[PDB]
Each structure stands twice: as C-alpha cells, then as structure tokens.
Amino acid sequence: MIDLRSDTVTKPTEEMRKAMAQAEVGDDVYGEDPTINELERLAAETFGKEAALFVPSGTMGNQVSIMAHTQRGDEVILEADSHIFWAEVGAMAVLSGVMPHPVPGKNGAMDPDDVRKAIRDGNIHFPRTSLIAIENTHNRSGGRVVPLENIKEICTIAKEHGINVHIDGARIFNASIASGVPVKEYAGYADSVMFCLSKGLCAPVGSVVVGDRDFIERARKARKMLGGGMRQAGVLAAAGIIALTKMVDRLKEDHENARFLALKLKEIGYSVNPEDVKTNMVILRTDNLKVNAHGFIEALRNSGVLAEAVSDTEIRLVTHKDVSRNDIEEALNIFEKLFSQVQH
Amino acid sequence: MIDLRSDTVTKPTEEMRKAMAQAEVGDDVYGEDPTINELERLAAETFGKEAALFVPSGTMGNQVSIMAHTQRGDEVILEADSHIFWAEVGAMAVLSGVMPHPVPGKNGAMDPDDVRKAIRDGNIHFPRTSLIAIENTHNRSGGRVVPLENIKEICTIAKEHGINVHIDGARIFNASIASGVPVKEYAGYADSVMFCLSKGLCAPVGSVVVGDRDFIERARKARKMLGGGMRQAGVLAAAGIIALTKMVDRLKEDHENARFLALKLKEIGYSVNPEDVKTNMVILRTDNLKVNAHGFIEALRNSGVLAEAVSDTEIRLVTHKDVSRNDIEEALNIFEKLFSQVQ
Amino acid sequence: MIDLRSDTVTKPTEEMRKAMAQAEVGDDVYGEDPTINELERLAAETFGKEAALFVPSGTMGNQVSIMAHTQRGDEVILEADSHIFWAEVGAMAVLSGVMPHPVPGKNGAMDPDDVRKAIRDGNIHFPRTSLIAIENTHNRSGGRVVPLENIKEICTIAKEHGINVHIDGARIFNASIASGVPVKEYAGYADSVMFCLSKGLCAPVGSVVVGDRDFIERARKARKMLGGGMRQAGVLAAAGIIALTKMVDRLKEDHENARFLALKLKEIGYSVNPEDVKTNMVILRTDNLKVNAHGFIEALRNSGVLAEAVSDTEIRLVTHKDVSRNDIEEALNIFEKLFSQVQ
Amino acid sequence: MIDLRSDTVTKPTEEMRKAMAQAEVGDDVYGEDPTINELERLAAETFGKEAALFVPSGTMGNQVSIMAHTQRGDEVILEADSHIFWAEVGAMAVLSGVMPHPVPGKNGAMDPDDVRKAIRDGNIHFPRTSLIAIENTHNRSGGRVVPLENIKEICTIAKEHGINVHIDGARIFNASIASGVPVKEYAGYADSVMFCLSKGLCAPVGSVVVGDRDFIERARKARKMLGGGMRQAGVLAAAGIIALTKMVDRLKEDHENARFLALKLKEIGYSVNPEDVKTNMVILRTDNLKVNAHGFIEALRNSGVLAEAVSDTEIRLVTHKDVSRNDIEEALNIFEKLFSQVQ
Ligand SMILES: [Ca+2]
Ligand SMILES: [Ca+2]
Ligand SMILES: [Ca+2]
Ligand SMILES: [Ca+2]
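Each value, and the rule that gives it
Residues numbered from 1 in each chain as written, not as in the entry; some residues may be left out. Chains lettered and ligands numbered in written order. Heavy atoms only, no water. Helix = DSSP H or I, 4+ residues; strand = E, 2+ residues; numbered from the N terminus. Rg over C-alpha atoms; globule rule 2.2 N^0.38 Å. Buried < 20%, exposed > 50% of the residue type's maximum accessible area, 1.4 Å probe, protein only. Areas by Shrake-Rupley, 256 points an atom, 1.4 Å probe, with all protein chains shown as cover. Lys, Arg positive; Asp, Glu negative; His and termini not counted. Charge placed at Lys NZ, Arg CZ, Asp CG, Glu CD. Least-squares fit on C-alpha atoms. Contact = heavy atoms within 4.5 Å. Domains from an automatic or database assignment. Buried area = accessible area lost by both parts, 1.4 Å probe. Salt bridge = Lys/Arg side-chain N within 4 Å of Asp/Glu carboxyl O. Pairing = 2+ DSSP bridges. Core = buried A, V, L, I, M, F, W, Y, C linked by side-chain atoms within 4.5 Å. Donors = N, O, S within 2.8 Å, 3.2 Å for Na, K, Ca; no water. Tetrahedral: all angles 85-135°; square planar, octahedral: opposite > 155°, others 65-115°. Polar contact = N/O pair within 3.5 Å; in protein donor to acceptor, adjacent residues only side chain to side chain. Nonpolar A, V, L, I, M, F, W, Y, C, P; charged D, E, K, R; others polar.

A. Fine view of the overall build of chain A. A tally of helices and strands in chain A yields 14 helices and 14 strands. Compactness check: chain A gives a C-alpha radius of gyration of 20 Å against a globular reference of 20 Å for 344 residues, within 12% of the reference. If one aligns the C-alpha atoms of chain A with their principal axes, the spans along those axes are about 60 × 55 × 35 Å. In chain A, buried positions account for 66% of the 344 residues. With the model as given, the accessible surface of chain A reaches about 11800 Å², and the carbon-plus-sulfur share is 45%. Distance from the positive charge centre (40 side chains) to the negative charge centre (49 side chains) of chain A: 1 Å.

B. Representation of the relation of the copies chain C and chain B in the model. The two copies are related by a screw motion: chain C maps onto chain B through a turn of 179 degrees and a shift of 0.0 Å along the axis, at an RMSD of 0.4 Å. In symmetry terms, the pair is related by a two-fold rotation axis. Most of the interface of chain C is mirrored in chain B: 100% of its interface residues are interface residues there too.

C. The arrangement of the domain arrangement of chain A in detail. Residue and element names in this part refer to chain A. Domain boundaries assigned for chain A yield domain 1 (10–246) and domain 2 (250–342). In this structure, domain 1 and domain 2 have C-alpha centres spaced 29 Å apart. Taken together, both faces of the contact between domain 1 and domain 2 bury some 1400 Å²; the carbon and sulfur share is 58%. The largest share of the area that domain 1 buries against domain 2 comes from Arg144, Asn174 and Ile177, three residues that together contribute 31% of it. Two residues, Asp276 and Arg144, come together in a salt bridge whose shortest N-O distance is 3.0 Å.

D. Highlighting the pattern of salt bridges. Taken as a whole and assessed by the stated rule, the structure comprises 90 salt bridges over all chains. A salt bridge links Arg213(B) to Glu50(B), with the nearest nitrogen and oxygen atoms 3.1 Å apart. In this pair, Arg213(B) is assigned in helix α10 (residues 213–226) and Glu50(B) in the loop between α2 (34–46) and β2 (51–55), connecting sequence segments 163 residues apart. Taking the relative accessible area as the measure of exposure, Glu50(B) reaches 42% and is therefore partly exposed. Of the charged contacts in the structure, one is a salt bridge between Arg5(C) and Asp3(C), with a shortest N-O distance of 2.7 Å. Per residue, the accessibility class of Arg5(C) equals that of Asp3(C), and both read buried. Where salt bridges share partners, they join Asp3(A), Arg5(A) and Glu32(D) into one cluster.

E. Molecular detail of the sheet that holds strand β14 (residues 314–318) of chain A. Residues and elements named next belong to chain A. With respect to topology, three strands assemble into an open sheet ordered β11-β14-β13, the strand pairing being antiparallel. Single-partner strands in this sheet number two, and they are β11 (281–285) and β13 (308–309). Bridging between β13 and β14 involves two bridges; their strand directions are antiparallel. Residue pairing in the sheet places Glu308 in a bridge with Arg316 of β14.

F. Spatial organisation of the nonpolar core. Among the nonpolar cores identified, the biggest contains 124 residues, and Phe173(B), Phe195(B), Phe173(C) and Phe195(C) are the most heavily contacted of them. If we skip the residues at most four places from it in the chain, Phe173(C) touches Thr46(C), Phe47(C), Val183(C), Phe195(C), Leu201(C), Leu244(C), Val248(C) and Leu251(C). By size, the runner-up hydrophobic cluster in this structure holds 122 residues, among which are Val210(A), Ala52(D), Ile242(D) and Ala243(D).

G. View of the coordination of the calcium ion (ligand 2). Those donors, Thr8(B) (O), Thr10(B) (O), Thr10(B) (OG1), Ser198(B) (O), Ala203(B) (O) and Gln232(C) (OE1), are the protein atoms that reach the calcium ion (ligand 2), and they lie 2.4 to 3.0 Å from it. Coordination at the calcium ion (ligand 2) is irregular: its six donor atoms span angles of 64 to 157 degrees at the metal. Highlighted residues: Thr8(B) in the loop between β1 (2–3) and α1 (14–22) and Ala203(B) in the loop between β7 (192–196) and β8 (207–211), separated in sequence by 195 residues. Across this residue pair, the class does not change: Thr8(B) and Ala203(B) are buried.

H. Looking closely at the domain arrangement of chain B. Residue and element names in this part refer to chain B. When the domains of chain B are assigned, the result is domain 1 (7–246) and domain 2 (250–342). For domain 1 versus domain 2, the separation of C-alpha centres amounts to 28 Å. With 21 residues of domain 1 at the contact, the number on the domain 2 side is 17 residues. Counting the surface domain 1 buries against domain 2, the share from its top three residues, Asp7, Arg144 and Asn174, is 27%. Our count for the contact surface shared by domain 1 and domain 2 stands at one salt bridge. The partner of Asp276 in a salt bridge is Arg144, with the nearest N and O atoms 3.1 Å apart. On inspection of domain 1 and its partner domain 2, the count reaches eight residue pairs in polar contact. Partitioned by chemical class, the residues of the side of domain 1 that touches domain 2 number seven nonpolar, nine polar and five charged.

What follows is the structure in structure tokens.
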C-alpha cells in the first residue's frame, strides 16, 4: 500500500511519540495546560499575532473563526471551490446562521473586483457582509498558491468596508515553502488565520487559530460551545510544538516528490500538467483513459495505490512525510504498468 | 411622480376596497376565516394542488417552504441571482439552518447539468441536498421567463434523487401571460409554488404557497413559528380573491407598456435591450452615461421618475396597473430631456 | 353559538370596516404607507417611546424583539408559564438561537431574587444573559395582573447587570384597566413592549412593538427576515389606529362580564374561583365533574358554547367585545342545564 | 497544593502514557484508526449498545446526541440543574435549534409525573417533545445517584410517547459503583448514553457516546460538522481504553476519600452532611461562617486547597485519583486551622 489520498494520513514521528507520552499537562478548561499554553504562545509568535487557540480539527478552527467574526444573518464571502463551502457539512449555516457568498476564483484567487462587487450595500433586504475568507493553499484546485498581491488587495478592500479577513491556511506553510512569503507576512493581511498541524506537519490531531486577543476570546467561547474544550490536551499540543517547529522545512521534500511524480506520470502518457504542481498535490485527468475517475481509483486500489477522485474525471494525488522517493518510484512503476491497461 | 421602482407599489382597486370593508372573517388560527379558506381553495385549484397557505409576504412564502422542505444542515440549490439568495435577509440560513448552493444561471435558467453537478454525494463532509428552487419570472435578470423545458429537466433530475422542487413564482402569472404556459402546468413540475398577490395583481398584502396537504401542514406550522399566523385575515383575502380572479388578464398591458418603454428608450439612445423585455421589466445600463446607476436614480428622482438600481451599473424599470400608457409617454419625455445631460 | 375560547375571535367594528375601506396606503417596504406610519407614531406616543413597528402577529412582535435584543447563544430569562416559552413554537431557539431560562412565578410575577439568581456570571461555560421578558397580563395564570412593583424591581436588576427588558404586553391594556397603571408607566421600566391589536381591542390583524429607535430599526430588519415586511398594509393599520385609541376603555365591560360569568358559574356549582378573576379570563376546573377538560369542551360545544381546554383538568373562558351581557346570561343557562348532566 | 475543584484534573497514569507513546493510529476521518476503532467496540460492548463514537469532550458528546435525536424546533425535557442546561454554553439552542424544558428534580431525579406534564400535545403552537435527558450522576446536587427506578419510569413515559432518552453519564461509572447497577442496565433504559473518559477514569481527553447504529451514524456526521472529526486520534484512544478497562474499580477509593473527607469536616464543625456523600463530591455550606462561598474559596486558596463555589453559600470538593488519603488529611488539617478564622 502506497497512500496518496491525502496528507492527513501522516503518522507521528518517533520524537512526537516521546513528547506526547511525557507531555506536561493540565486542565485546559482552566487555561492550565502548560504545553497547550506554549503551543499557543509559539503559534501566535510565529504568525505575528496577539493570541492563539488550539482546536481538535481544522473544521472547528474555521467555524469558531466564523462565529467569532459574525452575527446571525451575516454574509461570508468565500471562494466558490473553497473548503469552508464544500467540505464543512454546511456548518457555517447551522452553527453561525450565516450565508456563504461564493465567488469563483482562479486557482484560489478570487478577482478582487468580484469581491468588491459581492459586498452588500446597507439595505433591509440584504445580509451584512462581515467576513471574507481566503484559502491558501487552495485545496480543490490542486494545492495552488494564492498570490500575496491577491491577498493584499482583498485585505485592502476589506478594511475599506469594515469587514474582517480570515485566511484558511490549512496548508499555509506549504504555501510559504512554495512562495518564500513568510507566514507572518501572509497573516499581516488577515484578522485571523487557521492552520493545520495534522496534515503535512505530521501531528496526529488538530489545528490552531491565530488572531487578536479579542477575537481569540470569542473563538475560545465558541470552541466550548462546539465541544472543543478539552482537558489535558497538552498530550496533543506536545506533538504540535514539534510539528510547528521541526516539520516545516522538510515540506520541500513533499513538493519535490509531488513534482517528480507528476513529471513522470506525464511521460508515461497520463493527462497531468507538471507545471500546475506547485506544492504537494497532483491532479490527474482520466480523459485519455477508457475509465472515469472512480474506475481508475479502483484499478489503482487493486494495484496497491490509494488516491481519491475529486470529480468524475479528476483524481488528486498527495505527497507527505510517509511517502519516500522510493515510494514515489514504486508508485510510478505501478502507474506505468496500468497505463496500457487503462488508456482509450 | 411616475413610480417605476416596482410593481409592489400597486394600490387596491375600488372593488378591492369594497370587498375588504365587507369581508366575512373568522379567526384563521382555528381555520375559521371563510374568505381565507376560499382564497386558498381557489389558489390550490388554479395551480392544480391539493392545498394552499396564505402568508403576509412572498418572503414568508419562500421561507416557510424552505423550512417545510428541509432539515437542519441541508443544502438548497438555487440560482445565484435569485430572490431567495439575494434579497431575503439571509433568512434561509438563520431560520432553517440550511446552506445555499448558488448555481449561476442564464436569465434565471440554471443549466440542468450544473444543477446535477451541485447535488451532494453521500459523504460525511457533505450536507444533504434536499431542495432545488427555481424563480419564474426571474427578477434580477429583468423579469425573464425560465423556459418550461428547463423546469421540466430540473424536475426530472430532482425526482431521480429524491429532492424537492420549489418554484418561487412571485411573478408566475407574468411568466404565464408571456409564455402561454398555464400556471397549472408550471406547478406540475414542482412540489411547491409561492406566488404573490401584492405585486402585479394589485392586492395590498400577501402571497400564497400551494402544494401537498402534508407540506402545507408543515408550512403552516412554520408560518406560526415565523409569526405569520394572523386572525381575521379574510380582510386581506377578499382583495386577494379579486387579485387572483380579476387582475391576471390585464397583465398583458404592463408587458405592452414595458415593451413600448424599452423600444422608445433604446431609440432615445439608452443602453437597453428591447429584445430582452418579455414581461413588465426593463434593465437600463449606464455604461454610456456620465453617471452610474445611483447617480441616474437621483437625477431621475429629481425629474419626478422613481426607479431602482439593481447593480452599480444597472437600473430596473417596472410597469404595473398604476402606470398608464400616458404615464409611460410622459416618463419617456423626462427620459428624453435627461439624456443629453447624462450622456 | 357563544365563543368564549379567546378574545382573538373579535370581529372588526363598523367604524373599523369603514376605515379599512378608505385607508390611505403606500408601500411599507419604502416606509411610504401613511396609515402604518401614523399607527406607529400613535403607538410610540401612547407608550412614551421613540419608535414603533407594526407586525402581523404578536408572535412576530415577541420574536423580532428577541432577535433585536440578543446575539446567538444568549440566555433569555422568562416566566416558566409565559406565552413566549409555551405557545410560540420554540421560535426563540430556532430563529434567534437563544436559550430560554424559565423562572417560575406567582400569577406571572417572577420573584426578583430568582431573576437575579438566574443571571449568568462571566464564565466560558455560560451563555450571556441579555434579556428578561415579563408578560402582562399573564395568559396562562388566567389573565392575572403583574404588580407594577415587580416590574420596577426586575427593571432595576436588569439595568445594573446590563440586561434588556421586554414586556410581552399582548394584553397590556387589560392590565392597565385593572390596576389603573397607565401603559406609559409600565413601559418606562422596559426597553421594549409588544402589545396586540387583534384581541380585546378588536382589530382583525396585528400587534405593535415599541422601543428605542435603534432597537426598532433592528427589529424592522428582523421583521423583513421573518416575512412580516408587507406592502399596502395601511388597510390593517387603519383598523389598528381605532383599536389603539378608541377600544381600550370599554375593556372594563369585558372584565365586568368575566366576573359576572365567574360568579354565576360558582353559584351554579362549578369549580371556579371568582376572586381570581381580574381581567377577561375565567379558569374552570373539572375536578368535581364526571368529565375532564376535553370532555367538558365537547359537551359545551355540542350545546352551543365554545371554550378551550388549557390542561387535562382546566378550561379557560375569555370574554370580549362580541360577547354581550346578554350573550353571557344565555351561556350561563347552557352552563346550568349542563351542570346537572355532568356533575 | 491539593486540588479539589473537580475530577477533571486527573493526570494520565504511567501506563496511559506508555500506551499513548506506542498507540497504533490511522486516519479516523476514514474510519481507519484501529485504537479508536477498538475503544468504540469496547464502549459499545460495555454498555450493551450497537455502536459508539469517540468525541473530544462530553459537551460534544451531549450536543451531537441532541443533534442526532432532534429536528429543528423540537423540545428537550431535562432536569432544571443539569449540565446540558446550565453549563454547555447554550449549545442545544444554537446548534440544534431546540428548546430545553427544565423540570426541577430532587438530587437529579425528575418526578415522573412532572415529566408527563412537560410533554407537549400536538398543537400548532407547541414544539414537538422528542428527547428526555437524565444526568447520572447528577453534578450540581453533589454527585448524587439517580435511582434506577426513576430512570425506568421515565423510560416508560418516553416509550409511551415516541420520545427518545439520553443519559448524560459523564460520571456514570461513579453511579454504577455507588449503586451496584451495571452501566449496561442503566444503558438499557436509554436510546443513547454519553460518558466521560477524562474525569474520574483519568484519561487526558475525551468522552464516548453509545447507541444504535443509525443514531451513532447521525451523531458522527454531527461530530464532523461541529469539528470533532480528528485524524490519528488513536493516541487519545489508547489512554481511553486503559481508562475504561482498568480505572473503573478504583473509583471506590475516591468515594471512600470523599466520605472520609466529609465525615471529618463535620467533626471539625463545618456545615457538611456526610450522609449525602454518595460518590466523589462533598458540598459544604457557608451558613455558620463569617464568609460566603467566594470568600472561603480565596481563604482556602491562600492556604493551599483549591475548591470551587457552586453557589454563594455552597462550595464543592471533589476527590479523584490524584488525591491520596494523605492529600485528604493534609487538606483536613488546613480546614482545621481555618475553622476558627471563619466560624
Ligand atoms: Ca496526520
Ligand atoms: Ca400592492
Ligand atoms: Ca380580532
Ligand atoms: Ca483528566
């Protein structure tokens, strides 16, 4: 088995396992877990923010941010293919009572003039626009990197209208590794940033939200309500400190593996665009195959390669710490074998 | 003052005023208002449905329909410029806890394959898609008529998947007058239809939802929750019975006046597309004007013509019973005057 | 028939029917209905508040008040048998996402020390308490009057904790007639008051909320979201102006008729307590009867008297404009015949 | 320092820490974490239910159960002092749009006849009662045990009305230990039970919900929505398996320590009722003391004992694994020195 379904599947390193076992813990409901308290201090420091909040998932990170940013009946501008809108169970509507206002982007980049256009006038008929969300990297387009200049302009548009900005930075360090832009400088154009520890950085559980002391307080109370108020969570935060402080640099290996994997897949004859591979994700089209995305997933699964389809004709391949160059090469040999068996 | 902001501004006819003063009434919360009961019987019968529910507004018509069709956390597929998404205060999210899934359409017509692609798989990350809403006529695109075939194909898609279909037919009679499709035939492809009395049909207050007995029963309890459970509302249903039975045919005059207004406006030189005017609405673009939409509205208001912006660069003109052909002609002179100033 | 189920069954007076007939109307979504505007102005003036908002029901009046007073997650303290909790479809939880905090009272009066104890401290486990609701008269206890001292003390607790007060004054004018306390004085200890036009004051549709202009502005937008933004609603407001200014003082008849009814019912042998009858409601117990509430209601209905059970063993009788002293004396004869048959 | 604020403060045993280091993990979003999978299997088996779901907190455990049990606008009967009502941030209203219906109890036991009268009839005005919640042990009354006969009679009432039952069993194993009722038999009277790993059973994080397969599937989707869908959560589940399988019996020591603590505190002269100490909690009154609860807490803190106020005259001490019999006696001598200073 070679698991290219997601970078979520990453397993803890031996150093994470030791640190978790011997974590200094307390009751986080009293703010007394010291390893939680230090993870949040580090995260706030790293993003140049006042405060930070550990959460058991990126989904909860994003939804406590929406709650702390909005009142009932607000509208939240977000990209039409973004995670908050497609893969968070409609939570923004049920939990926050807010409307998404989807804006089609280009590989994650919403046209700033479209964002401006989507902001609501004050009129009794209209929800109040109170939040613009930006995802970086943008998952559904293939781990694409949103330009810093795009985020900068959207921040400006938001400040000109008294609207908050949230960065869905589930994979923001990947974006940073690919662009050279430090995450402090990304975060300077947002009121809040959620980032995952449990994807490429290899922690077993959870994410962090960074922002103002005011917002984080409101998000901490939203977390209690949603059920993310844990006890001796320092057992998880120990791994998160390691993930945050020791696992960023090596994301470059994931990017190089993903680039090598795409380059070779095109040489075999698969419909991939190696020029589109910016971070740790490859998109493969089934249009020159006699199967669709789902049938190809089954052939791959049967041959020892796990991937997932993202539409009827597209599959997403994701590299991560538990996929070595040797793994990529053994996967390429499987892809090569099946290719004659799957083409049109 | 010539009012082209909306057909909502229609005032009741003297016949309506007399019927309201004489209405036989009861407490609608016990279902004992006979004028309410007769309007709902007439509305169900007109639309081919088992049952109907009077509501104080079209917005409440849409929102009790959504509540009755959905559970918390469902997604509703709707057109990206439809009234439910654009101009109903985010009620579907606040009141029903449901996620809108906007689909950009063409003149209100969502591509049915785009509707199919929007329906969610069974996956834990994904809400359940339980409703598709369609708007006819489509307001924001200029009172455009959604082709019946589009509604047919989307009703087909929904049924394959067990999804309910709501038609926001706030102006469905304008659509019927222009398309020839009887409202009963549109309604056959829907689980529920809301339509307004208080717009082109000149009633002072209210809309009706038509549908199945069970759904209407659920929608009535949603009405009670949202605050639409009134008492002797037969006073309003008396005007509504007249609106439904006596004011439909003269909608062709609003359409003729709208067409005349648009052809003449184009001749003056405004950015209008008369070939797009099929009902009672005209969209005028300001790309060839000194002013934007909001500056033109102010200039028009100054000159005694009331209009409304639908975007930064588009104004909406609406005709109705209280705009006569002479009103249109007088408004065209005003529109003529201000053209040399604003070009 | 004689209808003692509720005072909602009141029919418009001839004066009202005339007023509705020639109401001067406009589109209330533009704030252009001159009769709505006058009704709101008179309502604000009558209660000593900056502004007012007409709504199609008292339920909508309470729920837009709650929405405008609160944010998601807040707690609302309210009497454990109040209408907002018992008879408003759980709307406060669905619409505003707010937690009721029920506090048992004596005939509507929550002990202020229990109110103060129900207020949440600043802790992450706890909702913020943002609203206290007081109902006057109190429906479920039988039209009981909350003493002005109770309102004052609760108002004082509220101001010292930063909490708003809403009076559910659906029947506030019945309370004012019984206690002699003018409605402005009650309303001076609240941030908002909802009062009904469609019960004892005999309008066919509607209630009004009064309060500060900012709150009213918020509640108007909640009204739009809930479906209460109507068009030429001056037709209803015309009746509501007569209800507000001219129908209050004759409420004393309804109280005299209620107590006459209650004294004669006890004399006959029914389990009523006429000393408890302060406004237009009488509660009759079925303890000494062969039937329960629902059984008694069926027998009464079969004999021409409509009443309403309020528990398994309690029934409610409500007097109103359409039940004269003559109507009462007849109903008492039916109650006499029935007593022998059902004791 | 001696921490008597709560049993939530328990730290992982050495064994737990070893298992955490070497837990086999997988991605739980894919159902692929074998240690999670085994914990859920063990939990379902211990309670005699079809399925189980690990969650990051008991708060999430209760709220996903409420979500899976209810539709919007439903009503939930629960005890007026229960955790879901007082200390879960109003989540049932925001997340589920449901109203609580508080029924006061005696030490967590709602009178079954009071649960009867709290159920709603079918009427358009009323929410639908869909859930009854019982808390065992009952926290705010001081860890009292709800009699199994109270649970069986309420289950009986629930089955008679189509109503689901949820047991908030945060401290259910404390109840089983003090009562001799196996948790499997408690669980037989409920559709679902939530119980905490992270209080007295000493795991660092998390709770478990058990119920039927379809319920748990619905609650797993609610978990995803609320943000409790974690990845390699087997690290947490490794300690949870130890908590569930090896930490239950020694809860007897916390009960012994609590009784010993309380008995000796009374000998010293504090206002404690040792007979009321049924599990691991001691309630102490400030009636015979200079200070209120908040004063006494601060004085105990400066002296090296952490405790919590549960009211303005009541304080709560909680025994747990990390309080030895030595810790207890060191705390007793601190309570001695303070007594004259507050008597
Ligand atoms: Ca991971
Ligand atoms: Ca009208
Ligand atoms: Ca009436
Ligand atoms: Ca613990």
